[PDB]
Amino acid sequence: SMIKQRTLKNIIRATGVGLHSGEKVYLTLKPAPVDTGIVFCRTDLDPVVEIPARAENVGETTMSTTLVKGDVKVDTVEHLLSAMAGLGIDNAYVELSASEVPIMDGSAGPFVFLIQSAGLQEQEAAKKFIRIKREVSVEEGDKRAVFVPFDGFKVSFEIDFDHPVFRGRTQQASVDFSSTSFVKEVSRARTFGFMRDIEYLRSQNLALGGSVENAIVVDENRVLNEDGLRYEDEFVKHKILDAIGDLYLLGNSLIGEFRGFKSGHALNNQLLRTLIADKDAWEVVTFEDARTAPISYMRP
């Protein structure tokens, strides 16, 4: 059959705290109709404020990706959107009782488990993909983010931290997500920060909820987390996780390759905005036969 749009089969709930705000938040994921996309909903407000998870609604990109509408924000959407992208979820309502998505364990692991526990549901409309037709890039200083054509979906990333826990380590990685490798390869890679920064961060209303329970905390000469890493390359894998979530602000799954070099949320957003304006560089495609498509998906 054709590759169909997907939504959630049943309502999913989670409780947590925002990484940056420290505020307790109740998360509710709900099914949504065809061509809704992912829409965030601030249900603590009356009337509610609904913000589509689209590039056009990105405000700040300092230490997270923040959606904005009116005076209202939804902060730190990248890890939940990475889970949505990784599982191929087209349509969903994401209700929040506060201004930031719960950080959970710092990865997309809890989200992919909660979603897959409930299950997905295929919808009777063709899934739409954005296919990269020619190279699109943005740079700022030594940072760079690039889309190149690729028959599938692949993400590569390189970091360069002038830090003794990073020097001499694997700071580059490439993952092919044309099959069902997202869950195994990157979903559990945790966010990370530096103990040295915590006073400055907190003064900016950042990392107020951060701890070893939801982040890899890096001290001057060692990782603070006593229990160890989930992957020897967990840092660069998390950057890949972030990129997948930020890229999903395009509103559809990508057929192409992303390469990040010391990039982050700000440059990811700039890349999407120039791609969207550069219309000859991309097209929208569907697949009436899943067997002939370049990306394959798990059963719902």
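The first residue of the shown sequence is 1; numbering continues from there.
The mean C-alpha temperature factor is higher for 64 to 72 when 240 to 248 and 64 to 72 are set side by side. Per-stretch averaging of Cα B factors for 275 to 283 and 288 to 296 places 288 to 296 on top. Going by the entry's values, 223 shows the largest Cα B-factor out of 85, 145, 223, 77. Of the candidates 128, 134, 190, 154, the PDB record gives 134 the highest C-alpha temperature factor. Per the PDB record, residue ranking by Cα B-factor puts residue 231 in the highest third of the chain.
Ranked by Cα temperature factor within the chain, residue 102 sits in the lowest third according to the deposited record. Among all modelled residues in its chain, residue 90 ranks in the lowest third by Cα B-factor. Among the modelled residues of the chain, residue 113 sits in the lowest third by CA temperature factor in this PDB entry.
Sort the modelled residues of the chain by CA B factor and residue 264 lands in the middle third.
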